[PDB]
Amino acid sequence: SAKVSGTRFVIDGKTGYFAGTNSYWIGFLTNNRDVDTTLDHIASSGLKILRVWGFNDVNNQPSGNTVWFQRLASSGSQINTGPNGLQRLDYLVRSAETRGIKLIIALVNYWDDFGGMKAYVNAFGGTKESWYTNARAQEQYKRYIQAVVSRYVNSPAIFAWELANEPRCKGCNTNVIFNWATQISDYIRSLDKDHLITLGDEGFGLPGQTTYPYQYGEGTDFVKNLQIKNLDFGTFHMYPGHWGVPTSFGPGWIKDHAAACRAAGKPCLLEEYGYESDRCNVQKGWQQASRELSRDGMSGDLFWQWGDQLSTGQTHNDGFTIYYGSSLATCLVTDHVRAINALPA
């Protein structure tokens, strides 16, 4: 149900460009109806891919019925397969199977939200930069990958396994993440031969311009990582307001990634993007630049992030949320999906 064909994706046997979104919170909901209604809204919007967090790491177990997936400690780490643990991810997967949504499931965070590499450093020592070569942290991270992947190997709702959300190794030789991603993607492939696998990086480090995002200072080399055999497609993210570059850098950023993916013979996915101001105009310009490259390396995009109305009220507005039913969703979801459906075949 989710494959690659040259520089394009194939979902439900259709080859082409797909739109999707991100919802880090959907895998942690404890109300099944809130998962179903959010997926119904995403599916009715014509979105096919949903990127979620498949991690929830803590150093101390939270109180009450708070959801957690893994507790990390120097000795005795535990993976939660209970009702407030991975059973919440199981429900998301089953609800996505029913509703025709393909999930990208990231397996650790580079950032501290939901624990991240920081929670592993707290348990296993070292620094965030040494996390990739920290044997005890990598041993537990692989145990966690096995615990998640083994549950959904036979699900048609997995778009791709994703190694990490936005992995960086600040100031590291770019071989650190390259070697790490090679060994972890080979590990995931041993557990699941058929689903796609991707890195989850921001896409820093590649030719095109001399601005900050093109530099190798965050430990990644986009072109180098596209050579990894068991990574099926390239991912890149786009946040000019955090990166000291204008919004007008967007089309070139997209073009430069699509050219690298084209040269590698793999699809590119613009996996997160957002801007806080003049949102419709700014982000519609980027969606057009991406759609225009649909036969030249780009094969989809996911905005960050979905917003909805749950039993617990409106979901969080982090300045990038696009709420279902809003005028901004008509601009960046309805009109986008209609423009994708109009692309030549």
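Numbering starts at 1 and runs along the sequence shown.
Q: Please compare 279-287 with 64-72 and name the stretch with the higher mean C-alpha B-factor in the deposited structure.
A: The deposited B-factors put 64-72 ahead on the C-alpha mean.
Q: Averaging C-alpha B-factors over each stretch, which comes out higher, 175-183 or 238-246?
A: Averaging CA B-factors over each stretch, the winner is 238-246.
Q: Which is it among 299, 305, 56, 44: the one with the largest CA B-factor in the entry?
A: It is 44.
Q: Between 274, 83, 252, 203, where does the Cα B-factor run highest in the record?
A: Answer, based on the entry's C-alpha B-factors: 83.
Q: Sorting the chain's modelled residues by C-alpha B-factor, tell me whether residue 323 ends up in the lowest, middle or highest third.
A: According to the entry, residue 323 has a C-alpha B-factor in the chain's middle third.
Q: How does residue 115 rank on Cα B-factor within its chain, lowest, middle or highest third?
A: It falls in the middle third of the chain.
Q: Divide the modelled residues of the chain into thirds by Cα B-factor and specify which third, lowest, middle or highest, holds residue 162.
A: It belongs to the lowest third of the chain when residues are ordered by C-alpha B-factor.
Q: What third of its chain, lowest, middle or highest, does the C-alpha temperature factor of residue 213 fall into?
A: Within its chain, residue 213 is a lowest-third residue by C-alpha B-factor, going by the deposited values.
Q: For residue 142, does the deposited CA B-factor place it in the lowest, middle or highest third of the chain?
A: For residue 142, the deposited C-alpha B-factor lands in the lowest third.
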